[PDB]
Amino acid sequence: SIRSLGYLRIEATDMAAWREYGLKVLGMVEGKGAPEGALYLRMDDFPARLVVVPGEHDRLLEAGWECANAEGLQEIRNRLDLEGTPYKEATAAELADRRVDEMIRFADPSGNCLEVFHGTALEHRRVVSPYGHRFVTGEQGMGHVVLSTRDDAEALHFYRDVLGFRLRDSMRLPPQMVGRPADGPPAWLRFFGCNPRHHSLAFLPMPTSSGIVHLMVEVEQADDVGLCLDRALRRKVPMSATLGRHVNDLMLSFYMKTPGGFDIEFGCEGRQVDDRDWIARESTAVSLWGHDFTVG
């Protein structure tokens, strides 16, 4: 523990657009009990996976990371204490809002905020998408998120050495792409695992207005993906990449712009990894085929 991506909390300038998009494009289900004009989007037994709160910005607020139990959370505390990373225990009100038994809050060096928790409540009535797809979560958690970092070496240190994620994959970026002179060194996009899902987390050393590069959610079948593409097309959702399969996690997916300005990857067939045999290597292409990121 940490074992998986639990939830994502984001701020939004357009709550109506997010509601229509989560319901009619993503085919998520609305959760009950929210604020004060906030939106809970459900994919499974979790009370909420995507929480959208109204605000003046379109940005990531926090990612919530689930541990197996009190001991698995304490292990994260002990790592943080060894590094000297400041953290706070959740207030009574934060525990009640998130519906978790314990949680700590802290930030990585680039100052992306984390909530690490255990003992979430679940809701048990069947979550049924009107479009007939089922999301793939379980032991792989919510999906995976790719976030901006200020410094890839620093991110590698905090996520692997401090937090204990595994390095799953790495891809180099030419120095020009990251605002470095043509004469100096490439920078690194690194993918991190906490469970069999190839990656739950990755860091792009390039800035974004939201802090999010992409959020991937996974469904069981290619037909689920293709039907989703059709719904997005009908609703004039702006496209970011055509259908394709990734090299590193073998995900078959397309990418589309959300109302928050970052991409959602809507995929299937994500590769599962066993840490006992996985060899961390450098991948040299994004995709095996498709995924034309010029489409936007």
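The first residue of the sequence shown is number 1, and the count goes up from there.
Stretches 48-56 and 267-275 differ in mean C-alpha B factor, with the higher average recorded for 48-56.
Here the stretch with the larger average CA B-factor, out of 129-137 and 103-111, is 103-111. Of the candidates 120, 176, 195, 170, the deposited coordinates give 176 the top C-alpha B factor. In the deposited coordinates, the residue among 80, 213, 142, 189 with the greatest CA B-factor is 80. Residue-level temperature factors show residue 40 in the highest third of its chain, judged at the C-alpha atom. When the modelled residues of the chain are ordered by C-alpha B-factor, residue 31 sits in the highest third. Annotation for residue 87: CA B-factor lies in the highest third of the chain's modelled residues. Annotation for residue 221: CA B-factor lies in the middle third of the chain's modelled residues. In the PDB entry, residue 285 places in the lowest third of its chain by CA B-factor.
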